[PDB]
């Protein structure tokens, strides 16, 4: 159920076939066409104008560089281009039509009243053009390539954490020292590292770009609740599985019995854990805010136990 951006968010319109983006400028000569991505080119950014009235459910595509809006028509030439007036003409309103299968993240930009669909191709000219909406070709599909967004915050819904698996893992058994009887001090040292896992999966809301790099703040099961381990300072990649080391350190001493051989077994509960969360983002150029819901999942550890027992 596709995410369409609200009015103040910018994006590029990437064509499935052309693998190129639409541009709209005042000059040079060709004012609208296709181009390889250049994040710094205002020329390639657009935002949507939500139609109202008989246009409710449709959208106008406003150029960020020129402020003009796109149009698609069949009678007059050229069939596509820019024009003033934020949607003054019926030629400026488009219906966003999601594709299926390999095109489920893509969609056509069909302008109803003229029965025309936007075209983006590099195999035939004009590269940026339109076609009778009834004949569907793959080069009529577009996807959103949103503006660079900064992930400002991650807020976990700890109350809804969940243990998906759990098996005890003995970190260190050995660590058993003796001295017959009397003695006095027997201290142990524990330093075990476990490779943990982390994945921030999209659930709903703003569609963050896969691989987006952001930082720390990862879930942990306490003993009766889930909590956030602010120490994990690794760099995460949105939508992808990352790994990180967790080291358990501990030092404890014993000796006080009639005379025994002390054994120390350090154990932890390891397993798969997951927690819901909400991410807060804002436009780097505008500060425009949005949110994204997601579920965080990972292999983790909890309940570090130290068991002491004497022998003879």
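Positions refer to the first chain, counted from 1.
Asks: If you average the Cα B factors in the entry, which is higher, 35-43 or 243-251?
Replies: The stretch with the larger mean CA B-factor is 243-251.
Asks: Averaging CA B factors per stretch from the PDB record, which one is higher: 93-101 or 190-198?
Replies: Comparing 93-101 with 190-198, the higher average CA B-factor belongs to 190-198.
Asks: Quick one: which of 166, 150, 169, 212 shows the highest Cα temperature factor in the PDB entry?
Replies: That would be 169.
Asks: Quiz for you: based on the deposited Cα B-factor, which of 135, 84, 157, 139 is highest?
Replies: In this record, 84 carries the highest C-alpha B-factor of the candidates.
Asks: Which third, lowest, middle or highest, does the C-alpha temperature factor of residue 80 belong to within its own chain?
Replies: For residue 80, the deposited C-alpha B-factor lands in the middle third.
Asks: Determine, from the deposited record, the chain-internal third of the Cα B-factor for residue 231: lowest, middle or highest.
Replies: For residue 231, the deposited C-alpha B-factor lands in the highest third.
Asks: If you rank every modelled residue in this chain by C-alpha B factor, which third holds residue 221: lowest, middle or highest?
Replies: Its C-alpha B-factor belongs to the highest third of this chain's values.
Asks: How does residue 121 rank on Cα B-factor within its chain, lowest, middle or highest third?
Replies: It belongs to the middle third of the chain when residues are ordered by C-alpha B-factor.
Asks: Grab the CA temperature factor for residue 295 from the record and place it in the lowest, middle or highest third of its chain.
Replies: CA B-factor rank for residue 295: lowest third.
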